[PDB]
Every structure is written in structure tokens, then in C-alpha cells.
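One chain follows as C-alpha cells, the form deposited in one PDB entry.
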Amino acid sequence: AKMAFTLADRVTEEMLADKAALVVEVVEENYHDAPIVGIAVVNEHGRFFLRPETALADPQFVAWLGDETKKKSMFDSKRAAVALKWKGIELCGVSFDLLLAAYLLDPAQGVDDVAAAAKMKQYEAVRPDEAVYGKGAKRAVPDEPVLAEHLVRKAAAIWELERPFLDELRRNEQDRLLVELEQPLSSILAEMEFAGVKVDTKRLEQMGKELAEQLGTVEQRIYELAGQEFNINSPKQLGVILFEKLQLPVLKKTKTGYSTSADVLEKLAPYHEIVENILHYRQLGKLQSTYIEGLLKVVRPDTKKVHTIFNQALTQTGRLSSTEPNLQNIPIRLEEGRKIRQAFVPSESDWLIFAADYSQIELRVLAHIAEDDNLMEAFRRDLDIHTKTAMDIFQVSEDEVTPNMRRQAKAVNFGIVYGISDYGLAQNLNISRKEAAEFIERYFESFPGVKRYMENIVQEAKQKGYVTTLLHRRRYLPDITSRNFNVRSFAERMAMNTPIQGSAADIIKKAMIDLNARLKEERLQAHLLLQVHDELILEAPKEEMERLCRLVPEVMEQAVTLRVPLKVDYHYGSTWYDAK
């Protein structure tokens, strides 16, 4: 049972219709400067397979690819677009992306290939990529006959599934979400990934040296205090030294044995001097392994740039994720690790890094969605929200709020957003369950609208089977009806949190689209480099800083209109570290 198709040796005009399912196959997981192993086209005139070397060298085919009036339906068009950018070829006219369509229909399905998306509509006339290419290590491109049929079958599925997927998106009121938000964003992410972020490798290498020295020192000190050498990196070996040789108290256990998380070590520090050293060692080693060595491993030696890949179809809440390298988790909390940001620099001379971030976007979204009078007023006054929460739940004036009170109020705020339970809050604040329960109780008394929302949203998830965000993104919560307390509760926390985190995701994605349109209208050279959930990082000529200081915050603040204002802070400097 083979699918019919023409294995063309040359490109013909009927392969260039103004509507087609297109496959530009890039097998390598990381598609940056990666090989395109084959091309497949399916349109009204039939199915075709084209060898990349000839198709991509064909002026007509290249022109067709770049013609915005020639509409293409694809799966993961960003992958193709970026792989083509590295070859100096522009991809335009992508009007439908099955990966993004499937993602929006149900993020939980984990659709990562055409076959997985096709199975949603009982279409199985296509094989999963893994079945054709093999897993991880044994992952190889098969001979042409096998490759060609696979690409043609994927194109054929895309061709057949577009209407069905679009129809369901329409029924879900998500058609604009795909067409006006995710698809345009995909092209923007492609530009961002392709541009990359320049790295000062000399800076990183120098940091590595000083880290190595500091590690050697702490390393020896640890052995001295332990009275013997061992693999500090090993949980088993460490636990034995700490809880057996040194007799430290076992305050927490792990499914496998002794727990040695920083949370536990801090509590053990007063008992023995080795503890602080282990914590320090943990901090330095994390920086050395994950950020210094890890980063230098992925930097391109010729341009000294790192090109992350933003997974736009993975998170259950609509957020993006970042990989190889993950540029969404570069240190900042602690000064030592924060200095790593000094290594992220502008890509051109006399340019600067510009960073803009939303101020408390999640709590502002919560105020809007819950329509809580107290919380909305708080933001209308642009109050320090943690101080305000402390005043309310602890019943004191502003000048009566102590640093510890603000710290705990802040913990409660993070918890309320996470739909946190009394135990979750108790664990984070390191207090009792009942105590944590009282804080939550006081919070709801001060913010009745929020309590009402949390109650109503859980019931809505139960009734509808899912919850939605401002721009109609959805997340199914089948566990919401489980008779298992733990499972159901987790589903409830997700019901309370997804509309918040998800709506914040919708807003910044929209801001990105609005921003790029504005930058183009103004013909600024400034361009986006990264997005870190609630912040946008750009780079631009130093001469554009003044215009960006007004333009970026405004665009981000006006992306959507809520019942409370949106507020954006911004900074700029010679490096990402300096953009503070």
C-alpha cells in the first residue's frame, strides 16, 4: 500500500500552484544551519518529491517559496523557515501550521510530528517520524525511496487535515488565535532565533578560570572538614558523609534516600561548617557546569553567537520554552551568577541591549479576571503589591509593615496565583499547615473577588472540561473530576493558575507582534533577541535608545486593554547585565 507521487528530477510549474501543503524536511533536532534532506509538495495537481540540492537551486522554486501570494500549509514552519534563512532563502505565505493548530486544540496531546496531529482526526496514513528516522542515537535519514514516501505522506496528511483542524479551531473560537497570534509570532521567533545573541567568550572563559580555582579551594576545604575525599557531586556519597560520618540530623528524605537539597542544607548549616562549604560548592559548580561550560559548548565558534530555539508548541499554559541553550534561565538572583549576563553583548559595535519587563503582570491579570475591587484599586494606585497584601492580611498601616511581613505577604501572593494549598504555602514559608491556612483565609477576606474567582473557575473547569485565557487559549483538565484528592487538587490549582499565566502569555505574544510592526513602521534597526515570559530583550544602535524608551513600554502596555493598567519597566546598557 504505497502512496502515489512523482519523484521529480526537476521543478515544474504545476509544482508551484498558489495553494499547497509543503514539507521542507530538517531531521536534525537543532535546525540551525542544518541540512534540508528532502522536499515534498502536494497540491491540486498531485504529489511531488524534490531533492533539496536541485529544488533550492531552482530560481523559480525559490521565488515560489518567497511569494507571499503562494499559500503553503505546513507542520512546524519555523523549523523550515530558519533552516532556509541559514541558506539565504526566504519562506513566505505560510497560511496554516498544523503543529501550532494541534497545539492550540490540545497542548496536553504533546503533538510533535505530523502523525501525532493526524491521529487526533483518525488519520493514520502516515508514520511517526521516530519510526522512520529511529531514536536519538540511531537516528538517521533513510534511503531516498523510504524518505520520499514519508515526506509525501506527511504533506498529504497536512493537505487533508487543514480544513478539519481549522473547523474545530473555529468552533473553539480559536481561529484568530492561530491566524492572528501564533502564526505571525512563529515568523518573529524565527527571526529572533536566526539573529542569535552575541557572546563574549573571552569573558566566559575568564570566569571559568576563576570558578575553577574557587572550586578547587572549596573542594579541598570540604575534604578537610569531612576528613576524607569523595564525590561531592554524588547524593549518595554526600549523604553518607553528612548523615552518617558527621551524624547530621535527617530532616527530610527522598524516595531514594537522604535529601541534600539547598533547602535542607541551610537548616543543617549551624551544626557543621562543612554545610556552608557544600552550599557554596553547589553554587559555583552550577555556574561552571551549566552556564560557563554549557554555554561555550553551544556558541558558534565563527560568529560567537548562540542561537536558541523557542519551542512554541510545548507548554500547557501557552508560554514559550527555550533550548540549546536555554536563554530563559540565565542567573540573576545572586550577584555571582548574575555576572554571567555580562557575557551577553550587542552583535554590532555601538549597539546596546534594551530590556523591558511587565511589572506584576500575573497579579494585574488576576485583578482583571476576578474583578476584585481591592486588587484593582491597588494597581490603579500602582501600589507596591506585596506591601499592600501585608497591610491587608496582617491588618497594619504601611509604615507598620516589616521586612519579614512583606516577605511572607509576597509568598502568599505567589501562592494565590499558583492556587497553592495550605501545605504548599507552609512548605515554602517553612511554617505549619494551620498557620499557612490562616494567611490564605485572611487573604480571601481582603480580596473577596479573588476568592469568588477561584471558586467559580474550578466549577467552570468541571462543567466545561477546560479553562480558557484572554485570547481563547484552552487547557483541558480531566483530572478535575478525579476522586483522588491529590490528583483532583492539582487539577484545581491548574484551573486557577492557567487562566492567569496563560493570559499573561497571550499578552506578551501580542506585544511582540505589535512591537515588530511598530519597529518596521518606524524603520528602526532595533530588533528582538529574546523573550523571557514577562520580558522582552532587544538590541539596537545606541542612537535608538531614546526612541525605544518611549516606544517599547507603550506598545507592551497597550497590547491589550484590561480593567487595570499594564506597567512596563525598562533599562539598557552595554551588556545584558547592564540592562538593569
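Rigid core (definition): largest C-alpha set, two forms, superposition within 1.5 Å. So that there is no doubt, residue numbering starts at 1 and follows the sequence shown.
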Which is higher on mean Cα B factor in this entry, 130 to 138 or 166 to 174?
130 to 138
As the entry reports it, the stretch among 355 to 363 and 406 to 414 with higher mean C-alpha B factor is 406 to 414
Maximum C-alpha temperature factor, selected from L65, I36, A55, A517
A55
By the entry's C-alpha temperature factors, tell me which of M192, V264, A390, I369 sits highest.
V264
CA B-factor ranking of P448, expressed as a third of its chain
middle
Entry-reported Cα temperature factor of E544, expressed as the chain third it lands in:
lowest
Sorting by Cα B-factor within the chain, modelled residues only, which third would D534 end up in: lowest, middle or highest?
lowest
Modelled-residue ranking by C-alpha temperature factor, third containing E25
lowest
Comparing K434 with the other modelled residues of its chain, is its CA B-factor in the lowest, middle or highest third?
highest
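Although not depicted, the form deposited in another entry is the subject of the following passage.
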Of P164, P142, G257, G134, which one has a Cα that moves 2 Å or more between this form and the one not shown once the core is lined up?
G257
Relative to the superposed rigid core, does the CA atom of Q288 travel 2 Å or more between this form and the one not shown?
yes
Once the two forms are fit on the core, has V401 moved its CA by at least 2 Å between this form and the one not shown?
no
Determine, after fitting the two forms on their core, whether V275 shows a C-alpha shift of 2 Å or more between this form and the one not shown.
yes
Checking the C-alpha spacing of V412 and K253, a student should find that in that other deposited form it changes by 3 angstroms or more, with the atoms farther
So the CA-CA distance for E276 and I431 moves by at least 3 angstroms in that other deposited form. Closer or farther than here?
closer
